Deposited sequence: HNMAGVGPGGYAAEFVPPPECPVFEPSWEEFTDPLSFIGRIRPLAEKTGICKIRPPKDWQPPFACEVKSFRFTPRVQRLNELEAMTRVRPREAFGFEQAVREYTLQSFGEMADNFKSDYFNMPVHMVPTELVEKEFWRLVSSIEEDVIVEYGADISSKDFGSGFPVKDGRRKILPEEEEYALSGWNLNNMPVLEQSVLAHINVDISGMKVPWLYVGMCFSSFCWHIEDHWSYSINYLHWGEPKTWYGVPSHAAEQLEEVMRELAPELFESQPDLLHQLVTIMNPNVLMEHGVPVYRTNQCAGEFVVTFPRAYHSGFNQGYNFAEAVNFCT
């Protein structure tokens, strides 16, 4: 039948007192959030960092994504932020025959998973994924000198929730940028070294997430290995994770607990250690993410 949305993951709305430092806050929500794999954090209403990327010079060549590439078993355009947004909005409004902001998030979700398994329709999108923040700057203001920081921006340049200020060292990395369009996606994966990840949506349409708690990681990997094609089943996990696309209902039918969320502009998503996650974008948006350890 049609897609059944997984239950919603926890959403936290901390006060200014609880919003003091992300490390301590993540530590306190851990008893609940680690049981759901992912969680969403809404900052206080007055916490609004200004977008600090060099929009004039922001040029990139996104990667081509064919939604049904696994069910089928020549694709190779430079955009600006503006020209990519025009292409993205035109694609979505043309696909759904309605203004982009009027398409329900549930409809994009059900259509995405239908297209992923559809053998009759071949939908192709583009994703500006894994763009280094060293190339055109971070979405957050930073004390760098390459871009002037206004007095109203210094608070955000020094904020602990600025992803450039996260601790990224283990015991013995820069944020990445993601320019999304409708149906652009990332498949199921965990982070290197089982690290945390934190993801901020600077602006645009929501990013839809799916998460699995770490206690079900082995269960997910066994389901993924049982249903993956024989050519990819024996591949190392770092390589298999490039094509690990799977409908969440298939995991839920095999007893895997899965949670979902729509990450809206200005909201954080935190993934916990060894919490498998995947998702897709509802439309033209801009996200920034970094891995960190506690």
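Ranges of the deposited sequence (numbered from 1) for which no C-alpha atom is modelled: Missing from the model are residues 1-12, 86-95, 99-100, 197-208.
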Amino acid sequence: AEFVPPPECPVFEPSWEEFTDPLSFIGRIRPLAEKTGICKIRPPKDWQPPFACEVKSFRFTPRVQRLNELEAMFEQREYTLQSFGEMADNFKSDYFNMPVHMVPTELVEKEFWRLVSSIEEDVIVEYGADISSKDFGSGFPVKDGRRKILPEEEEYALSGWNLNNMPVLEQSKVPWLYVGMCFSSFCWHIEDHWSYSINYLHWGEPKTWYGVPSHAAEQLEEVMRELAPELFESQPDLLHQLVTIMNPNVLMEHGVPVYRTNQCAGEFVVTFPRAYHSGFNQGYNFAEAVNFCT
From here on, numbers count along this sequence of modelled residues.
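For the two forms, the rigid core is made up of the largest set of C-alpha atoms that agree within 1.5 Å on superposition.
Superpose by the rigid core and compare 145-153 with 101-109; which one moves more, by C-alpha RMS, in 9 other deposited structures of this protein? Larger mean C-alpha displacement, comparing 145-153 and 101-109 in 9 other deposited structures of this protein, is found in 145-153.
- Query: If you average the Cα B factors in the entry, which is higher, 95-103 or 144-152?
  - Reply: That would be 144-152.
Q) Averaged over C-alpha atoms, is the B-factor higher for 177-185 or for 78-86 in this PDB entry? A) Mean CA B-factor is higher for 78-86.
Q: Name the residue from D130, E170, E218, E205 with the greatest C-alpha temperature factor listed in the entry.
A: Each of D130, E170, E218, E205 was compared by C-alpha B-factor; the highest is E170.
Between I119, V108, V123, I190, which one tops the list for Cα B-factor in this entry? Spelled out: the listed residue with the top C-alpha B-factor is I119.
### Task
Grab the CA temperature factor for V64 from the record and place it in the lowest, middle or highest third of its chain.
Its C-alpha B-factor, which the entry lists for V64, ranks in the middle third among residues of this chain.
According to the PDB entry, is the CA B factor of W161 in the bottom, middle or top third of its chain, that is, lowest, middle or highest?
For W161, whose C-alpha B-factor we compare with every modelled residue in the chain, the answer is the middle third.
- Item | Third of chain Cα B-factors occupied by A289 | Bottom third by C-alpha B-factor.
message: Splitting the chain's C-alpha B-factors into thirds, which one does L201 fall into?
response: CA B-factor rank for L201: lowest third.
Based on the entry's values, in what third of the chain does the Cα temperature factor of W16 lie: lowest, middle or highest? Ranked within chain, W16 CA B lands in the highest tercile.
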